Each structure stands twice: as structure tokens, then as C-alpha cells.
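For reference, chains read A, B, C, D, E and F in written order, and residue numbers begin at 1 within each chain.
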Amino acid sequence: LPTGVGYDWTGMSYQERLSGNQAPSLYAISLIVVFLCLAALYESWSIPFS
Amino acid sequence: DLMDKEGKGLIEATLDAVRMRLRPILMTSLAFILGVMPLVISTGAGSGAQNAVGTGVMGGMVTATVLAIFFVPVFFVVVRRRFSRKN
Amino acid sequence: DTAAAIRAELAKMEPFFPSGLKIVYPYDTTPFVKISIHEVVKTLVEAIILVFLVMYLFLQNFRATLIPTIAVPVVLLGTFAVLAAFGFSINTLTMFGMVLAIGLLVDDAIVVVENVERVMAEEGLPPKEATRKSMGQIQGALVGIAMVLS
Amino acid sequence: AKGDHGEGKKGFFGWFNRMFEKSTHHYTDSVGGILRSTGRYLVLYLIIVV
Amino acid sequence: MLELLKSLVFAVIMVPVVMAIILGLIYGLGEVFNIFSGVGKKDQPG
Amino acid sequence: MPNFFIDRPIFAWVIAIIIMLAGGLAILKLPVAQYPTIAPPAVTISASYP
């Protein structure tokens, strides 16, 4: 488009920028804190994996 | 501990404590004095702080080690030998 | 963070500048602080090294030296957790304070690892029996040294 | 081993253990002397305190 | 990374050097503390 | 207190790691700035009569 014209997102569009999908990160930390916290009772190597 | 939990008077107890305990003191202090090495050696990059902190803790770390291992025994004895429960 | 916002606020501007017009940064506090923390982090790492050397040189075993080494990071980052929870920031002062902290804390670990070593070196009892015995003669000291220091 | 302080060990490491253990006897036999002489030490302690 | 090699060399060289000094200091102090071994305390507290 | 962990080796690892994530998260979440504010806050009224 012509020069001097630019753009910005607002409202919902603006929000979806900060983050829309962190699920694969925080489910990942969920998955490790779970891999180990179970063993905090089974006191066992890999037993939680089962 | 050698006094109560084992059967000992002061002098020989002190000598055994201090002899058993001697090494660790150096391990720590060597670890520590060397832990702080960079701060004292450091220069540039706004080195004003870490020099002032490190050369403060270092001098005080030597005299608190080379000198304190001699004097501690005397304090612990004199606080007993001269003012204890004789009974 | 404010400056971090300012480079943002300003990063959107250049494409619509007229010909010949260019930005320049004659006075800037930040790289002082990026560097101030770079320097302390590097003193910390090299300190962890030097500790591991005095540890090897005294316990003369690869295995032994892993123990006190692992325990230091756990303490020091652990501190970020707690001082975050008191509303204190990772500043010039605070971050700088913890190097001294590393120094003090290292021996909290080694005094006990060593003492166990020395205990197993005469009655010759396994690491469990020895470390337990070790806790029995000292553990009480550790809480009080910590109390009085505080 | 029960009783071994690592003297019978290959290389530099043994030298170290011997000269350290030496430094230890020295220090201990020296604290014996210091400990017979409690008083001057208490007041030398005073000179460094001031 | 490269500053790390510097760190390693200073480290390895220094560990013995400082070590010696602090042992040197107690070894020496031990000898002078040997020479000057005093008479005891005073009777006032008793 | 310690003995409990001597028998229970892993559970300690759990404590330590939880602290590792707590601190490692605590950097990523905490403000970074040279100076924790150190001055009496002050407001400034300003006028201009041409």
C-alpha cells in the first residue's frame, strides 16, 4: 500500500499476539513435574512412566 | 560432644576436635577464598563493586582461618577451665 | 523494562522516516546493567569450577566432587524463588549479594559431605551408616549457625 | 577402607596426603603448646582486638 | 567459551598457589606461636 | 529429619528439582533493573507563563 500507511492490531487481535497457544509448553512442564512427583512416592526409577 | 557424649576433659578433647576438624576448615576456606577470586581480580566493566566486596571478604577470610584455628581452642578452654561447674 | 518498552515504542517508526533520517543512542544506562550481570554470572560459574577443583584436590575422586557441586546451583537459583516471593527484584545489588551468598553456602554442603567421608575412613561403615552418624553429631549445628548468622 | 587416609595412593595425590597430614601433626602439636599458655594468648587477643 | 579456557588455566594454576600460602601461614605461625608460649592468667575472678 | 531422606534418596531430588524450576521460573518472571527504587518519591508541579 501507499507509503505513510502502516498497521496495528487492537482488542482481540492485539491479545492473540501476547500468546494464543502455550498449551504445548505448560502441558510439557505438567508432564515433567508429573514424571517426577509420582516417583516422590514410588521412590522408583521409571515406575511412574507405567 | 567429646566432653559429654564421650568421656573427656577439656584439653585432650580440644586437641582431638581441632585435629579431626582441621582439614574441613581449609577445604571450606580454600573453596571460599577461591570462590571469591574473580571479584578481587576483576577489573573493568564497572569493577568498582566486586573489588570492594571481595578484598573485604578475603583479608577477613585469611585472618579468620590462619589465625582463628589457634585462638578458638583457648576461648573454649578459658570459658571452662577458669569458670566451670567443678562438681 | 521501561527502556525495553522504549526501543519497542520506537522500533515501529523507522519505515515511515523521511530520507536521510537516522536514530542514535548517545546516552544509555542499560548495557551497563547487562554487563554488570554478565560479569557476576561469569564469576559464579568460575567459582563453581574453583570449588570443584578444591573438592577434587581434597577428596581425590570424580564421584565425591559431584555431590557438593550439584548442591550449590540448587541453593542459589532457589534464592530467586524466595526473594521473588518477597517482591525483591534481580537488581545490581541483590544479584551481586548472592555471589557472597554462594561463597558462604558452599561449605554448608561440604562440611557434612566431608564429615561423612572422615567418619567412614576409620570405623569403615557404608555411606548410609556413616552419613546418618554424621547427621547425628552435626545436624544440630547447622540450624544454629544459620540462626545466629541470620 | 577402615583406617586408611589415602597415603598408599598412586602419584601426586599421595604426596599431598602425606604433606597435609604432616601439616596437621605440626598444627596439633602446636596447639598443645598454645593451650598450656592460656593467659598471654588471652591478652594478645586483647592487643589485636584494640 | 574461550574465556572459559582462561578460567581453567588460572584455576588450575592458582588452586595450588593460594593453598600453599594458607598452609605456609599456619606452618609459620605455628613456629612463632611455638617460640612465644606464655605464662597463664590472673587470679581476680576466682 | 536428614535420615528420612537418607532412606528416601529420590524424594530429595524432587524437593531440589521443584526448587530448580521455582528459581529458573523466578528469573524468567521477575523484573530486571539496575536499581530497586531508592528515593523519596516526588511529584513535580510545573507551569509556564510566556
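For the reader, a short list of remarks on this structure follows.
Definition applied: contacts are C-beta pairs under 8 Å (C-beta built on N, C-alpha and C of every residue); 3 or more make two chains touch, one makes a residue touch a chain.
For the pair chain E and chain F, chains touching both partners: C. Annotation: C-F is the more contact-rich of the chain pairs C-F and C-D, by number of C-beta pairs in contact. Per-chain CA centroids place chain B at a distance of 11 Å from chain E. Here the spacing of chain B and chain F, counted between their Cα centres, is 32 Å.
Chain C and chain E have CA centres that are 26 Å apart. Multi-chain contact residues, meaning those touching two or more other chains, occur in chain D at positions 20, 27, 30, 34, 38, 41-42. Shown for chain E are the residues that touch two or more other chains, namely 14-15, 19, 23, 26, 33, 41. The list of touching chain pairs reads A-C, A-F, B-C, B-D, B-E, C-D, C-E, C-F, D-E. Interface residues of chain F, counted against chain C in their complex, comprise 1-3, 6, 16, 19-20, 22-27, 29-36.
On the chain F side of its complex with chain A, the touching residues are 8-11, 13-14, 17-18, 21.
Interface of chain D with chain C (complex): residues 1-6, 9, 13, 16-17.
Remark: chain C residues 1, 29, 32-33, 36-37, 73-74, 76-81, 84, 88-94, 128, 131-132, 135, 139 touch chain F in the complex. The residues of chain C lying in touch with chain A in their complex are 12, 15-16.
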